[PDB]
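[1] I would like to see how this sequence folds:
(chains A, B, C and D, ligands or ions: 3)
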Amino acid sequence: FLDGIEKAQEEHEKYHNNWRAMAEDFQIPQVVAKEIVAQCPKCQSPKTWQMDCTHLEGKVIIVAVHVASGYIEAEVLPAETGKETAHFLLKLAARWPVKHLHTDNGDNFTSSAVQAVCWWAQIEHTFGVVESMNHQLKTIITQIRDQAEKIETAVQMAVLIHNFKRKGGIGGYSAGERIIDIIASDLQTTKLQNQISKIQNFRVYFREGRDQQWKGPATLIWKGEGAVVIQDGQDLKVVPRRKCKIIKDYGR
Amino acid sequence: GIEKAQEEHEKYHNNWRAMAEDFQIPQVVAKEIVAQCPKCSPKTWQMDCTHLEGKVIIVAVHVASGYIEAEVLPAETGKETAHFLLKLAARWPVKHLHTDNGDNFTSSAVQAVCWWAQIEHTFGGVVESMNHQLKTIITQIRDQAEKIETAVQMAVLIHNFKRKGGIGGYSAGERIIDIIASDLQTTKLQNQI
Amino acid sequence: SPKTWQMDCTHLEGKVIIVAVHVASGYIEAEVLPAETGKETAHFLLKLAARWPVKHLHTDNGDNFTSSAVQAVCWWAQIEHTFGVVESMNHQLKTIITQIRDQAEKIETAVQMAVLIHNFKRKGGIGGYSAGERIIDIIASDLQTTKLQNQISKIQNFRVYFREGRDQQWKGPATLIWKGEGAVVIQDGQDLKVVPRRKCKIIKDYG
Amino acid sequence: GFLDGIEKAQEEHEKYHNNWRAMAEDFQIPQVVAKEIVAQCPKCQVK
Ligand SMILES: [Zn+2]
Ligand SMILES: [Zn+2]
Ligand SMILES: [Zn+2]
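    Residues are numbered from 1 along each chain as shown, chains lettered A, B, ... in the order given. Ligands and ions are numbered 1, 2, ... in the order given. Please find the structure below.
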């Protein structure tokens, strides 16, 4: 255990590895690896969307794009007012976790209805990827145009072909697999951070070898069945449970 | 399988490598299927040159795996770019080269090396992210070496063998080895059967 | 061993060439140095370890191979250096250089063209493969072995919530063993069992 | 409800620096929030 922790500290001192790789390679828990990364001075977005409006055959197509993956949601609006833009934004925020929105300085994007929807759903709106995605979507729409009768059907069929049929990039994935992988990784990080804060509200008094006096208050990092990892003096060390006393700490 | 590939391409208009992978068809049939439609790679490398501390870093990236190869140049001529391309072709199998509309990539020595090593040259969002990741690793381990050339080569080692990220969880060197080995066995099976 | 390399330095046309060879495949990397100092040798070893997985190095008792620069690069990249194939590859490389000597101006371009010829245009041996095909096959097989042992544990870190016969509550988190097309093998309290696919929910369960 | 008791106990501790059992018995709030009100004060210490 302690051999793995010292090997992980030496390896991070050379190459600055990440915590998932260190936890998988050196066989230590994930909270200890996250602490090793958090003690480094040289080591210290999944929810941002961009919106735009475009025209096709006298109809208004509104396109939202997820930036970190290239994922697309599109619609056909009856007009270009602010009420229909606010309804499209409310539907997008109901289906996906949206926290940061990037638009241009259009009229319908600068409106009281969009402002009220962003207030209720707690979105940060900023005025200034979507143009490249609009061009790629319109090439698909002219490619599969004769398989449909109306324009709304052709728009949704092109959204399906873009999201689940075109593969590329590094590993050769579509956009739907990339957005699900990105959001799942963020969910793992937030759950581990909750566990880290709940564990680190404690404090440890430990009794060193060949001494009968208790040492200073060391912060708890990991508590096992027979081992305890503590931080003391900018040092991590492993003390067994028979020489430890864990007490609550109120040091806010 | 040919009927399934024809119905799939009639609906969604997929490319030939997607049908050949997902339906297990030899590639000549899929190429002719895509070629018959009216409405319509493990050796593709992309190159770039950038600036850092008054030096010129030339960076070539294998696109199917994110495998990096960087050098610090003493000049931005055509001869040194051709020599870097010649060493890259002498180390790995290079068959498709992508670059931008630059001044050094359109020269007599670059065209002579591409003609001699049989590389298809084409001129036009992966190389920018690779340049950003290389600069961030260089600014991470800058104070471990004195000269900038050692810092570039140490960042190349850290990028190729010490960053295991992505959807699968693999480093870029193991990915390029698996990709070329799988393509070799696939072309061997299509030549045998 | 699939990660052993051997190094040497030679002279040709008044220059100094350095040659590193992967032993189990006969794979050649070679460059032209301006000098025989330890700094340029250590720079070549750093570039070689940055491009290919290098773990064990064999050299002769030279003057540049025994230096603090080479010791520093070997310590930082975690290579094991020992002092005592390369001469046979040197002889073959000189013969190829003399074969295509009238196609390049400098000797550096001649060394690089001979390296491309030796690595991808000289098929021989038993099976009939070149050097690049052999090195790619060998390192891929070694990767497959070690990653197999890690990947089985990765697939057993998932959690399954299943349903038995005529009880309408979802039972607790068994461990996944294999997920088929119409059946799932789970281990529940040291009991292996086979459940249909429509009666299972497979989570990773962060919490 | 005891949330108004939480606000009143914060004002009362800002004046008089009560202990946590006194605030828990007087304002009828649970013991965890009372120990937290003591813990966030820089001058006091829960004991
Ligand atoms: Zn660090
Ligand atoms: Zn087609
Ligand atoms: Zn107080």
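
[2] rest of the way, CA atoms for contacts and neighbours
    Will do.

[3] so who does the spatially most central residue of chain A touch?
    Closest to where the C-alpha atoms of chain A average out (C-alpha atoms, centre = their mean) is residue A:186, at 3.3 Å. Listed by C-alpha atoms under 8 Å, 6 or more residues apart in numbering or on different chains, the contact partners of residue A:186 are residue A:46.

[4] what's the answer for residue A:21, then?
    Contacts of residue A:21 (C-alpha under 8 Å, 6+ apart): B:163-164.

[5] ok, the one 10 residues further on next?
    For residue A:31, the contact set (C-alpha under 8 Å, 6+ apart) comprises A:192, A:196, A:221-222.

[6] doesn't it fall inside a helix?
    Yes: assessed with DSSP: H, G, I helix; E, B strand; the rest coil, residue A:31 lies in a helix.

[7] follow-up on the earlier one: any of the contacts of residue A:31 buried? List them.
    Among those, those classed as buried by 16 or more other C-alpha atoms under 10 Å in any protein chain shown are A:196, A:221-222.

[8] skip the chain neighbours and tell me the closest residue to the residue of the stretch 51-200 of chain A found nearest ligand 2.
    Ranked by C-alpha to the ion, the top residue of the stretch 51-200 of chain A for proximity to ligand 2 is residue A:143, at 8.5 Å. Taking C-alpha to C-alpha, 6 or more residues apart in numbering or on different chains as the measure, residue A:143 lies nearest to residue B:39, with 6.4 Å between them; neighbours along the chain are not counted.

[9] near ligand 2, list only the ones from the buried ones among the contacts of residue A:31.
    With C-alpha under 5 Å from the ion as the criterion, the subset of the buried ones among the contacts of residue A:31 in contact with ligand 2 is empty.

[10] of these, which belong to strands?
    Judged by DSSP state E, those include A:221-222 as members of strands.

[11] okay, the angle between the helix or strand hosting residue A:153 and helix B:2-12?
    Element membership for residue A:153, per DSSP states H and E: helix A:151-164. Angle, helix A:151-164 to helix B:2-12, by axes from the mean of the first three to the mean of the last three C-alpha atoms, to 10 degrees: 120 degrees.

[12] chain center to helix A:151-164, what's the gap?
    In this view, helix A:151-164 has its centroid 27 Å away from the chain centroid, taken as C-alpha atoms, centre = their mean, to the nearest Å.

[13] find the closest residue to ligand 1 in the stretch 151-252 of chain A.
    residue A:234 (14.8 Å).

[14] how about residue A:28, secondary structure?
    Classification of residue A:28 using three-state DSSP returns coil.

[15] which residues in the stretch 51-200 of chain A form helices?
    Taking DSSP state H, counting those that start in this stretch as the criterion, the stretch 51-200 of chain A contains helices spanning A:82-95, A:112-121, A:130-143, A:151-164, A:175-199.

[16] and among those helices, the most buried is which?
    Comparing these on average neighbours per residue, with mean count of other C-alpha atoms under 10 Å in any protein chain shown, the densest one is helix A:151-164 at a mean of 18.
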